[PDB]
DNA sequence: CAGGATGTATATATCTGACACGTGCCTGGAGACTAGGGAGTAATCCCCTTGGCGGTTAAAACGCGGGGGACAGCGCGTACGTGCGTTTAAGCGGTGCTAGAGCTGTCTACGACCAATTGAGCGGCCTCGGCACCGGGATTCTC
DNA sequence: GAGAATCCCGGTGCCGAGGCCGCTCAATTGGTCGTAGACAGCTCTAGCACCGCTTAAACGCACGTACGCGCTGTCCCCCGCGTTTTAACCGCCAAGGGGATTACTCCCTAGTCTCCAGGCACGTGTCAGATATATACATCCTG
Ligand SMILES: [Zn+2]
Ligand SMILES: [Zn+2]
Ligand SMILES: [Zn+2]
Ligand SMILES: [Zn+2]
């Protein structure tokens, strides 16, 4: 019969089959359920979609058509939940958010 | 075949066989070598010996004969390397070190 | 914009409470799916189920009253759209309170 | 009558609570607080005695560490009194805020 | 002639809106090699490895300086002092 | 019932005792309220993780194992309970 | 030739630039030395972990993968170089 | 708490819906305060609702407002972390489409 | 030797959300690192859950619990919803 | 059923170090938790090393490198010495 | 308050090197089928948790006098920001060697797996010594 | 020196720590077999070392000024303590909920085989943007 990808079957862009292989060969468990890779691929796809949407919005604000590490850093650090998820994560070429303590402001 | 335990063969008190079984069933790797459980058991035995020695010294400096979580906490936090190893470790019924900042004391 | 005149029956599906079948009185919205009902209707339904009556989305784990909010904008919207709604509701309120102190 | 100057009894309490090791929060109020907080997640929940004991031990250890950091902040600010600003600074530097 | 503080604020804005590395590449590479000489002799370093080390160093130092500035503000000052850094590291758990 | 208004279970002498064990000589008046808020947040996080573990276990009793696992996830691993 | 006093290559203007990125308005004179010491300690730790990884890898070059792995080990996980 | 029904609300009868075919008239200023975006001061488009306060905005307006300004509501100053604190409201979308096509 | 990465999938997601916006090589590498990190975190949590419950298989329930444990609040809620729809669509085939 | 632990081995080590000193139940639980935590740390480190170098085996070299990575300074040095001595004693006997 | 000086975002023009798209292919993903063990389901035991009741206080709550510390204003002088001329070496670009990263073939020793077995380790029980608590002096700290 | 806190010494009791016994199940021993990787060999690449030119940037120094650091004064707010009250705690009881165990079976995923197409390495045209220059606007400082 015609070969149909599991990603297309589950309506996902992420590689469900590759995720299943990585789970199996990743020494995570003796056995891996059939529905396990689909859920993980969906979660990864949603997280990627959120971060890419925020970074693209930042790029559009900066009048740029290319997502850069600065836009990724702005997207991650301007979101409280994403910042908590990536609290220990350092993004290369991302810089820091513009933030000056009010006491340092001129009086 | 006179059965000789692996712990006695390696001159260790810790359960080399139990460590090997945990290495198989711990889902750490597809296969586990032969010397790895002995090495891990020796490391665990040394750490236990150091901790118990320091705790016994703390207890003898308290004039008691039974190691308690207070003595264990005192030993852990009084050994610099052990404290660094267990920096995020909270020992139940351990208490805190007797110390006061100098500015809080009259002079 | 110009003056608009539209039939009420075309607006009934978006101003009626599913649980009671009537118009939105003291509209309350579950926020996990943004579904609006009458305050009494949703509150009374919530002691027997923790799921949304319409799309079966779990409103809350334990206390569904923690995820319902008063929909003031929609409530004044249904008052403006439905003629006589506010006066009729106040009339029943005063009539009920005219006999019980 | 006899009256101790301020700070002496405070230092004595510091020494006694730093030498001693029992739990400082009351068992029943802490258990009721734990159950009230857990009411939001699941219903008809049960707790083992060891579970609430572990919760109390962890909470007291966390609060003692936070108070040590807060005292360090207060001393750094040339003060002896801890303050909410000190607590907020300690938490923000630790990364909890 | 600008008053003190205005140029400092301008530099703060400029270096907060930019993402380039702030430590000189060759001195940082030489420092990395000197430090690594104590662990293994005749080591080699990938350019990407040195760049990653530098990015981590700048990120850690910027976070430490943010915490130090918060300590200085808490101490009712706008000037950072070494005791601010020491307090920040002690609270973080690095000392 | 509801089990409402129990956060005040932590008393001002209890917070003072914790501060004394922490080496604090003098305590401000709002320290008690701030500590109540911080403890409430900490307990909310830890108990949320523990209840998640229990629910995944298909049980109805929060266990010392669940609490220990939650604390270990939070980076606050606790010894003495298994 | 064993390199010596290369920490002096971490210049005072570079430390000032890092502080400015950190939002610091005024910098004292001892901050430069303190920051040099802190950076030396941090680099010593990270490079020690990376060199240990390289030695286990039976290699004579420290790679970006080893640096990233060491940073992930120390809780300072870094993106952009693989992993 | 704050959800116990009053004596009247214990038994209030449903509002009978107007089933007869009568049309209602609305001026272009009738529902201004209810259908106006607080940001763009125009009619809503791709409506998003904050969970905590039930306040209505256009999607683009609220996204740029959160992305540029502070993480608080433009109307009631209550905090919202990100776009996931809001949900689209197809009911308001349908209402807008039928009222002003 | 081929070095697999999530580059094409992240690009497809980017084309789905922002059709006219491209990406840089550094941004692709950062996103690949993020995907790998989230993958290993979720997989490790699922493995720990299975070990704690004495279960030898990783299931959708374990993945859902791991997602709930790690992602905070609204991110966890939306990720759980998306995983539920994906699993339902995959099994309804 | 049976719940295995390191209580007897910790007691043997305690009798080896301090013949006249005993231990309490809470202290034994503390020691069991410490041994389990260190075991899981070293094993996870060795597993990560083996995956990193595309190796399917955990050997004494992997355990040694894991110990060197985890334990600081003198503790690491003495742990490596003890592990090496045990390994050579095993291969000799 | 205004005018000069300076920094900065806006408006065009270059040209370019990284990015998006076309293509060969090959290795990993998909379809089919088997089997055997993990897990779901049902029944049961009793551990332990929830709930309540009665004293007994230990401890919490409230109030009051006041002393000491937080806060604010003041002054000074020194250390740091700012600017400028000079000197240092970082950055760029090209060259050349080669140590070592990476890939490949072989074959070898090492680890998984299975069977029999037996002894270490765990569950249960019992007793006696260490420690908590009691009270009385004696020393120490404080005011 | 008066008074409160705490250490040192001696009795008493109690309860659980440690030792002993019985069992059982998993660690040992022995053997086989499959393959992970150790080792040797080869390739090619990118890391190191060196050179020279340009100019970005660091160094050193001068100078002013503003801010950190005492210093004082005040006032208000925690501290210490006495009295009241209140509910925590301990002991005991009782019921049953569900955690844990055992047995059965069923169906779901590891495993293998074959087939084929999805993605990866590679190549190339092109345009997004780093750069350059000029200009008008926003900040700032001083007279
Ligand atoms: Zn209704
Ligand atoms: Zn709904
Ligand atoms: Zn709008
Ligand atoms: Zn609002």
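Swiss-Prot numbering applies to chain E: residues 41-135, in that order.
Header entry for method reads electron microscopy, 3.0 Å.
Each residue, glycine too, has its Cβ placed from N, Cα and C.
What Swiss-Prot says about this one:
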- E:42: phosphotyrosine (MOD_RES)
- E:57: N6-methyllysine (MOD_RES)
- E:57: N6-glutaryllysine (MOD_RES)
- E:65: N6-(2-hydroxyisobutyryl)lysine (MOD_RES)
- E:80: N6-(2-hydroxyisobutyryl)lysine (MOD_RES)
- E:80: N6,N6-dimethyllysine (MOD_RES)
- E:80: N6,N6,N6-trimethyllysine (MOD_RES)
- E:81: phosphothreonine (MOD_RES)
- E:87: phosphoserine (MOD_RES)
- E:111: S-palmitoyl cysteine (LIPID)
- E:123: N6-glutaryllysine (MOD_RES)
- E:123: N6-succinyllysine (MOD_RES)
- E:123: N6-(2-hydroxyisobutyryl)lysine (MOD_RES)
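Where Swiss-Prot records a feature, it is marked here on the structure.
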residue : record                         : contacts (Cβ under 8 Å, 6+ apart)
E:42    : phosphotyrosine                : none
E:57    : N6-methyllysine                : none
E:65    : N6-(2-hydroxyisobutyryl)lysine : E:90, E:94
E:80    : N6-(2-hydroxyisobutyryl)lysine : none
E:81    : phosphothreonine               : none
E:87    : phosphoserine                  : none
E:111   : S-palmitoyl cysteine           : E:120, E:124, E:125, E:127, E:128
E:123   : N6-glutaryllysine              : none
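Chain D comes close to E:111, E:123, taken from the recorded positions E:87, E:111, E:123 by a C-beta to C-beta distance under 8 angstroms. Under DSSP, residue E:111 (S-palmitoyl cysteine) is assigned to a helix (H, G or I) in the three-state scheme.
Listed modified residues (E:65, E:80, E:123) with a CB under 8 Å from any chain G CB: E:80. In this structure, residue E:65 (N6-(2-hydroxyisobutyryl)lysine) is part of a helix by DSSP.
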